Amino acid sequence: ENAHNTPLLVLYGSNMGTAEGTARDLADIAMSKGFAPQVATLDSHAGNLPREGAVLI
Amino acid sequence: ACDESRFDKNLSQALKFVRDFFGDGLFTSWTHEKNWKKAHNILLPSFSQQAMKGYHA
């Protein structure tokens, strides 16, 4: 199924991990759907929003 | 100089001499040569996070 792997960036804002696990879960199902997912915090891509694919927040 | 709406990559004299063996590979191709964006798009997935993980070993 590769070649996706469209680019799926998933960003989280989390203090106690609920949102962070949800984010990583999404990135896990993306991998199953051929994407090329990336997981990171929200305020680390501050300004660096992906101008291609899509960004789950 | 880094404003891509005003300036694009040039082949310096140095790079023009190295094209003699680098050709229209990614490094010595002009941005407007068809082979640049095609190779960029084809090869960027080799530097995805999953690819990187798979080079580790």
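Residues numbered from 1 in each chain as written, not as in the entry; some residues may be left out. Chains lettered and ligands numbered in written order. Part of a larger assembly, values for the part shown. Heavy atoms only, no water.

Labelled according to the PDB entry, chain B appears under the name Bifunctional cytochrome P450/NADPH--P450 reductase, originating from Priestia megaterium NBRC 15308 = ATCC 14581. Its PDB title, taken directly from the record, is "CYP102A1 in Open Conformation".

Looking at the PDB entry, one finds chain A named Bifunctional cytochrome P450/NADPH--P450 reductase and attributed to Priestia megaterium NBRC 15308 = ATCC 14581.

### Notes on the overall build of chain A
Within chain A, the secondary structure is distributed over one helix and three strands. Secondary structure elements of chain A occur, N-terminal to C-terminal, as β-α-β-β. Radius of gyration (C-alpha) of chain A: 11 Å, near the 10 Å computed for a compact globule of 57 residues. With respect to the principal axes defined by its C-alpha atoms, chain A has extents near 35 × 25 × 10 Å. For chain A, buried positions account for 23% of its 57 residues. (Helix = DSSP H or I, 4+ residues; strand = E, 2+ residues; numbered from the N terminus. Rg over C-alpha atoms; globule rule 2.2 N^0.38 Å. Buried < 20%, exposed > 50% of the residue type's maximum accessible area, 1.4 Å probe, protein only.)

### Concerning a nonpolar patch on the surface
A cluster of nonpolar side chains, contributed by B:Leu26, B:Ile42 and B:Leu43, occupies part of the molecular surface with about 260 Å² of accessible area. Residue B:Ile42 is classed as exposed on the basis of its relative accessible area, which comes to 57%. (Patch = residues over 30% accessible without salt bridge, like charges linked within 9 Å, V, L, I, M, F, W, Y side chains within 5 Å. Areas by Shrake-Rupley, 256 points an atom, 1.4 Å probe, with all protein chains shown as cover. Salt bridge = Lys/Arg side-chain N within 4 Å of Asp/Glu carboxyl O.)

### Some words on the side chain of A:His45
Residues and elements named next belong to chain A. Structurally, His-45 is set in the loop between β2 (38-41) and β3 (54-56). The buried category is assigned to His-45, whose relative accessible area is 14%. The contacts of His-45, once residues within four sequence positions are left out, are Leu-9, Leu-11, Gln-38 and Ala-40. (Contact = heavy atoms within 4.5 Å.)

### Describing the pattern of salt bridges
All names here are of chain B. Here the structure, examined in full by the defined rule, presents two salt bridges over all chains. Put simply, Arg-19 and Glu-33 hold a salt bridge, and the shortest N to O gap is 2.9 Å. With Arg-19 in helix α1 (residues 13-22) and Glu-33 in the loop between α1 and α2 (34-43), this residue pair connects regions lying 14 residues apart in the sequence.

### Observations concerning the packing of aromatic side chains
Residue and element names in this part refer to chain B. Taken as a whole, this structure holds two aromatic pairs over all chains when the rule is applied. For the pair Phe-21 and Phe-22, a centre-to-centre distance of 4.7 Å together with 55 degrees between the ring planes defines the contact as tilted. A relative accessible area of 45% means that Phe-22 is categorised as partly exposed. Among the aromatic residues, those joined into a ring-pair cluster are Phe-21, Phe-22 and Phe-27. Across from the ring centre of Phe-27, 4.4 Å away, lies the NZ or CZ of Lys-9, which sits over that ring. (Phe/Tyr/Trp six-rings, centres within 6.5 Å; stacked < 30°, edge-to-face > 60°. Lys NZ or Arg CZ within 6 Å of the ring centre and 35° of its normal.)

### Examining the sheet that holds strand β1 (residues 8-12) of chain A
Residue and element names in this part refer to chain A. Read from one edge to the other, the open sheet built from three strands follows the order β2-β1-β3, with strand pairing classed as parallel. With one partner strand each, in any of the chains shown, β2 and β3 form the two edges of the open sheet. Taking the axes of each pair of neighbouring strands and ignoring which way they run, one obtains an average angle of 25 degrees across the sheet. By the bridge criterion, four bridges tie β1 to β2 in an arrangement that is parallel. Its bridge partner lying in β2, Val-10 is registered against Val-39. (Pairing = 2+ DSSP bridges. Axes fitted to C-alpha atoms, helices over the stretch in contact; angles between N-to-C directions.)

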